[PDB]
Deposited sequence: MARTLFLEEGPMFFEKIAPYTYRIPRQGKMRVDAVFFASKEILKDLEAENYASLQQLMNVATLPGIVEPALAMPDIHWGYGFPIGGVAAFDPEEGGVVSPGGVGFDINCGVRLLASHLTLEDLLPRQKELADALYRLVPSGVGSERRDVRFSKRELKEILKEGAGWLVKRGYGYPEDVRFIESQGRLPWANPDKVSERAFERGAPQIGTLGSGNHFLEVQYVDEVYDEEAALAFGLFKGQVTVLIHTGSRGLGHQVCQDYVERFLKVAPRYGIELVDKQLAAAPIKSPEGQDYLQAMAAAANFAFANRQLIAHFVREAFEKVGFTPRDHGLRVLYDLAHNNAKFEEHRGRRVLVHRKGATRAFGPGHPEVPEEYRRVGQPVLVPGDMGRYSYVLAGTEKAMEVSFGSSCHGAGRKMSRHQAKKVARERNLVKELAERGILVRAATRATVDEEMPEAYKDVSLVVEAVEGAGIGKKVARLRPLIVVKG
């Protein structure tokens, strides 16, 4: 008995103990049952987040919330620099800007199926797990400029950048704050998916829920899409490690009390805070470039098997991060929003949303597990009010053997979450995507 319901699929944990503000989480009657069986562990983590300095009410968690490092996965936490706010690597997650890019083509399922094998083989061959390399000075510029650096040199279409969150460039990146180890560890990984839950999949739209948003996003049933899921690879992971320990060994000076050491944080305005933010931005820009490069190779794979540029017309529908901290305008102020396993989800009328989509809201890409359904949602006005314009990132909670039985070629080297999100009013359903080909890193 430590949280009341304030709206459909919306629960509040009133401020208690060390909490500086209330916490609010979105969930189903069914999801609550899941958390309850978990002793509410992830919620305790959400409550810990609320103990941090300068936090803006309320600390939040999405319907797919679960145990994480310090901050819970599925968490959103805004911090005000002017109020002595802090920045926490654990609030972003180790894979900085691990995210998703969705390409939308002119092809229909019927057009693709007969070349399904050729494409799978071309994708596995053209997408590293080949001979494209950059100099250290070049990848240094990449860390600062983002996806646009690659597009301007031919690794994409001119318009690609318009459909990437923040145009694929966080403004504060500074490679100087990125350790040598992080730099060398991720530098030769650009253009690769990586391991773990990273992949690329060719899919088709099997259901359309909002005709107006679908039209605006250029989506139609039977349409072929390609979803790319990957991040900053080893570079972002290292940057997180470098700063967590640096933040731990300087936490005394600042007097920041941590109920959980994994909540390691530093004042946003402190040298250490500023450095991490600059290095994190560099890692994010690297992740943006990585997805941009992969998209370039995807286009090369379609063409290699016979689909000309005008046949496939593979355009970037959208590209957004699932782990990131960004400075944004909320409540008339500039605040730093930590999102770990949650997405930015701006709504109708927002200047940061491409004009093409401005009337319906920002696309929200919700990948499922490999070989599972993916969804496309749209950001809402309500989210701008109640979740710092944030939405969910996930759809769920013998490996490849059963994938070949559901009609899915693999190349290796009803969502309750979406239901809760739409029910809470922070993510309008637009479409569902079914996988045909899965390429793992």
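Unmodelled regions of the deposited sequence, numbered from residue 1: 1-11, 141-146, 415-428, 445-459.
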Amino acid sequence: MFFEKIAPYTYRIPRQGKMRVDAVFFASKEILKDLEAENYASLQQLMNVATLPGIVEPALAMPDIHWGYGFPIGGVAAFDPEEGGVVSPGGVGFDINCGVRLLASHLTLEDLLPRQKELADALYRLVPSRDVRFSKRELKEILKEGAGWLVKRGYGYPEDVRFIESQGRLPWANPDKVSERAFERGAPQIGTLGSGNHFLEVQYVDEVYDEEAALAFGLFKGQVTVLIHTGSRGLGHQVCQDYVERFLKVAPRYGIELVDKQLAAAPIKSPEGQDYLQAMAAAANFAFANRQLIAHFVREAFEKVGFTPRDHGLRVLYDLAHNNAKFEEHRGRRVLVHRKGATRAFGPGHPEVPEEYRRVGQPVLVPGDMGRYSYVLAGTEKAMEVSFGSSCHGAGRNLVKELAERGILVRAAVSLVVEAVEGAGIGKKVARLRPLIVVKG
From here on, numbers count along this sequence of modelled residues.
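The deposited model assigns a higher average Cα B-factor to 130-138 than to the other stretch when 130-138 and 86-94 are compared. Just going by the entry, 202-210 versus 252-260 on mean CA temperature factor gives the higher value to 252-260. Between the residues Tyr357, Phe79, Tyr318, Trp172, the entry's highest C-alpha temperature factor is the one at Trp172.
Taking the PDB entry at face value, the top CA B factor among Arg246, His330, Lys326, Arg101 belongs to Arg246. In this PDB entry, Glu381 carries a Cα temperature factor that places it within the middle third of its chain's modelled residues.
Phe71 sits in the middle third of its chain by CA B factor, as recorded in the PDB entry. The entry lists a Cα temperature factor for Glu300 that places it in the middle third of the chain's modelled residues. Residue-level temperature factors show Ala147 in the lowest third of its chain, judged at the C-alpha atom.
In the PDB entry, a CA B factor belonging to the middle third of its chain's modelled residues is recorded for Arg162.
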